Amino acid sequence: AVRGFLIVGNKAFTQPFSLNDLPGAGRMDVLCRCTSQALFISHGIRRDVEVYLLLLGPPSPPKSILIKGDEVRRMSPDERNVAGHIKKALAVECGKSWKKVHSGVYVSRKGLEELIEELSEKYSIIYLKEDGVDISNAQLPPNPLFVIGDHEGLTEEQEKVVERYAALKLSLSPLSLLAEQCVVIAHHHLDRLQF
């Protein structure tokens, strides 16, 4: 059983930015919170988790970041710490394939379609949206990857791409929630089944 998350940051900056203004770097703060809630519990990191971030803001999009839970060595749940990792990744020259930035953090210039095609080899892709099938009326696959939009949500064209690969489109709440809330609630559903 592995668990994955893909968070799509349409405005998120694609070069180093100020750690003192996360919302100013194309709402990088959203991506920080999703990463933190995907990885951390009280005793430490979920070692079966991977977090994939797609950053489509200026000035050099696309960039993708992979944070591998079983490989991270120095990370804490606060936004500034997570942003420091992202900032380092955005400084690195890279191509189409994953390039290691430091322990458990990789970067590449993969866009949405390349990334979703690759992930579908490892994960069953689940698109989380408010109007999906209720998650409790659904049978979850063993290796879910949850695709989640940012503070604005996926664009129409991006949804068409995701839905080409998505095994399920699922709702987790009667309300429209923050991206990182969907992360927490997804993990909760899975923890109930597992533990």
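Residues carry their position along the shown sequence, with the first being 1.
query: Looking at the entry, does 124-132 or 25-33 show the higher mean C-alpha B-factor?
result: Comparing 124-132 with 25-33, the higher mean C-alpha B-factor belongs to 124-132.
message: Can you tell me whether 139-147 has a higher mean C-alpha B factor than 54-62 in this record, or the other way round?
response: According to the PDB entry, the answer is 139-147.
message: Comparing recorded Cα B-factors across 14, 171, 18, 181, which one is largest?
response: If I rank 14, 171, 18, 181 by C-alpha B-factor, first place goes to 171.
- prompt: Among the modelled residues of its chain, does the C-alpha B-factor of residue 82 lie in the lowest, middle or highest third?
  reply: Its C-alpha B-factor, which the entry lists for residue 82, ranks in the lowest third among residues of this chain.
- prompt: Is the Cα B-factor recorded for residue 190 in the lowest, middle or highest third of its chain?
  reply: As the PDB entry reports it, the C-alpha B-factor of residue 190 lands in the middle third of its chain.
query: Compared with the other modelled residues in the chain, in which third is the CA B-factor of residue 72?
result: Middle third.
query: Against its chain's modelled residues, does residue 162's Cα B factor rank lowest, middle or highest third?
result: Residue 162: CA B-factor falls in the highest third of its chain.
message: By the recorded C-alpha temperature factor, relative to the other modelled residues in its chain, which third is residue 91 in?
response: Answer is middle: the recorded C-alpha B-factor places it there.
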